[PDB]
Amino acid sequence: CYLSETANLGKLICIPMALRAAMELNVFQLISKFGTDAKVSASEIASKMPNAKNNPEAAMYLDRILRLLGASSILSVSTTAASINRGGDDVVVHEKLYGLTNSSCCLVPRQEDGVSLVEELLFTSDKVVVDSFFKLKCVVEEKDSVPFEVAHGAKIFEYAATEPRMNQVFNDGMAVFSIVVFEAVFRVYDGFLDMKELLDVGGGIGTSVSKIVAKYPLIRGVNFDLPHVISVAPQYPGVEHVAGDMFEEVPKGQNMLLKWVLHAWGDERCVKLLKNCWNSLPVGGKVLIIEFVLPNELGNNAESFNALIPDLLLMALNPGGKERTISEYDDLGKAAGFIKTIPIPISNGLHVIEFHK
């Protein structure tokens, strides 16, 4: 009935915004620091927040966020015999205990290097992205509209050159997610072993090629991106930075990488970029495409959602952006002069697709 569906439909905006607040308050890392199978109250978690130390009501407000995440199965919820038993019939215990789940373990920065899914999820729920989603209907109603352009007056990469906060949130979301994806690549794919040089075309701040050279130290690494990205990139061992425009000229390189680049652009733009890569490669060279591939038949699984999530984001964020099937990627490479397409499944829809010159 209506008053069943109010719950199913009304929770949809609330859950992601409660999740974002919990990430910004460092809830998941604070729970982790109590140990392996920890179950801790809102007051114990708030005790570890110096910013809350003069707010008597902090824990009761925090509990209101955490109990929604518990109902949604993002946190586990429990109590103790002492809480049920010690106060007597006239005392009410309002505070339950919260623990991590398989999903919230992926929101804890790792002890060794700080990696997790936090930075990418803070980008996809950033106000710059949500404001673009508020204009999503314009793609259906208006020929050649782009929601990001309706919201902001500029396209995304040009906007990043003028807005240093957005530039940082985007660049860090790509870089930390990159580390997670390359750990999965290196478990399955052996095509880097024989290389002597790798050029990362649209390589962001250089994190991806930094990880490739760390694993394969005989590779000379080159990172190529727009001026406003290269100006903020760190110095990485074994990585040379190059600034420019991939649609005008790609540097010469023995092999090339395009990760999370083709999915932002329409077919003509993709073929133009791939022809620029072909001209700058030697005979025998290859370019590697790394993307979440759209399955031939969609269903209820991680591989399907891993493509549908960025398909909706790129529809909002850039003209022509979309996720593609194996056959659609093959068609782009073939149109640009490449041969011997080799699609390599990695994990949950993530592929390496090799294009040979």
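Residue indices: 1-based, along the sequence shown.
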Return whichever of 276-284 and 70-78 has the greater mean Cα B factor according to the PDB record. 276-284
Decide which of the stretches 142-150 and 119-127 has the higher mean C-alpha B-factor, going by the entry. 142-150
Out of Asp267, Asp200, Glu249, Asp172, whose C-alpha atom has the biggest B factor in the entry? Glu249
Per the entry, which of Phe192, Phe157, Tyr98, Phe134 tops the list for Cα B factor? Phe192
Among modelled residues of the same chain, the CA temperature factor third for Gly206: middle
Taking the entry's C-alpha B-factors for this chain, is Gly349 in the lowest, middle or highest third? middle
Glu297's Cα B-factor: lowest, middle or highest third of the chain? highest
For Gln29, the third of its chain by CA B-factor is the middle
Among the modelled residues of this chain, does the Cα B factor of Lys259 put it in the lowest, middle or highest third? lowest
